[PDB]
């Protein structure tokens, strides 16, 4: 209560708040959750944080309905420190095209707009950097990386930058593709970040620390050599080559969780060895509230400060007491437990099939539509399990096919990828081309592209499959299945338009660490997060 400095965090009770509070306590502070305006008073609050995720209107409505507008404004007028995160920062603007009818606190008189997806994938999911400038603040370092996950942003141009300057605002800029946007803002006692510091490893913790301590450390004296190596060259739109570490979560004979301190320690190890993200593949008469996978996330979230994804089990379920819990709420539970993204599998295929059946339209009942409308496309990833099928010509199937470089058994020069469901035990008559385009239309923000035929092989990724999917959709595509050695990552990043690469057994077996891969990619002129 007064034995350590207390930090007040406004909680609209939606999304992952585990990481932020764990980050604050890790820094030696006591967290005080404010769910109601009654939970805090101006004079007794010295450090306030406004975190937010998901749909703009969804967040701001929740915020002002609970009665936080006046309290927030009064706190700001007192001159005391406030920090906004993600939607917390966008809540400072006039509003957002994302939610046409929503109004913001309007400290910055323009609205957030969506990134241009004709030249790059949207949402932006990855590690971007702050453009070098004389007016940076709170230790933001151009040579370090921060994690961004959003579709909308305060996109800048010459006029807006000048107006902000004359307005007395200090801006930390970033660029994704050809678009320049606001990475962070600072004016008097207001500080806000578009990226998630609690998801940005050590670099992120530093930013939270500098804010809590009200300090703007000078950036390290990097050698011209180090700068040229750590600087953003705007390859891959300005995002580093994202390396994901994946692990399975099973229930053994005795009922314990295995690959509950095993899945937890391995995720910690992955994190410590440089993983940019940790994905848990959940393959498990237990009540939803007591699902052991949820404890794994919660425990992992105490020290792993990078995004966490969980696949498997995120669907409509009937609890032990017969309660009907829809996908959306099951997801909310994993999110509040430490998860940042949820991977949909089998349902994705059903949803896509229905989509085409309805004449290429969604009816809003799929887990993809519900979770994404609440948390944003960035919170939903589609796990696809496809396998190559050869045909003599586009005429042998209704699905989209492409001319392959590797002829089939009978000399077939064309093929399509047939999707499966239920852990790849059952195939459907839907190509990966159609599955991904439908899911994207339904609101998915990213594709986790597995490949049955390469899975477990350790001989590299199916390169034509990656290109086939990149031709189909505009959302980020993750290369999965086949990774064995660092060179496989190099090949995907240089020979294909893959937006990220996932590795499983190679990291689990200790053959290579994420750092080994990063060191190798780094040695080959690729940009990678190093923290």
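Residue numbers count along the first chain shown, from 1.
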Worksheet item: Checking the other PDB entries that cover both flanking residues: does residue 316 lack coordinates in at least a third?
Response: no
Discussion item. Over the set of other compared entries for this protein, does residue 285 lack coordinates in at least a third of them?
Written reply: yes
Item to complete: Scan the PDB entry between residue 215 and residue 216 and report the missing deposited residues as one of none, 1 to 3, 4 to 9, 10 or more.
Response: none
Practice prompt. Between residue 259 and residue 260, determine how many residues of the deposited chain lack coordinates; answer none if the chain runs continuously, otherwise 1 to 3, 4 to 9, or 10 or more.
Written response: 10 or more
Worksheet item: Should the higher mean CA B-factor in the entry be assigned to 62 to 70 or to 49 to 57?
Response: 62 to 70
Practice prompt. Would you tell me which stretch averages the higher CA B-factor in the PDB entry, 36 to 44 or 485 to 493?
Written response: 36 to 44
Discussion item. Quiz for you: based on the deposited Cα B-factor, which of 95, 292, 204, 367 is highest?
Written reply: 292
Item to complete: Please pick out which of 141, 319, 440, 119 has the largest Cα B-factor as recorded in the entry.
Response: 319
Worksheet item: Mind checking which third residue 375 falls in for C-alpha B-factor across the chain?
Response: middle
Worksheet item: According to the PDB entry, is the CA B factor of residue 222 in the bottom, middle or top third of its chain, that is, lowest, middle or highest?
Response: highest
Worksheet entry | B-factor third for the C-alpha atom of residue 358 within its chain | highest
Worksheet, complete the sentence: Temperature factor at the Cα of residue 452, chain-ranked in thirds, falls in the highest
Discussion item. For the chain shown, is the CA B-factor of residue 522 in the lowest, middle or highest third of its modelled residues?
Written reply: middle
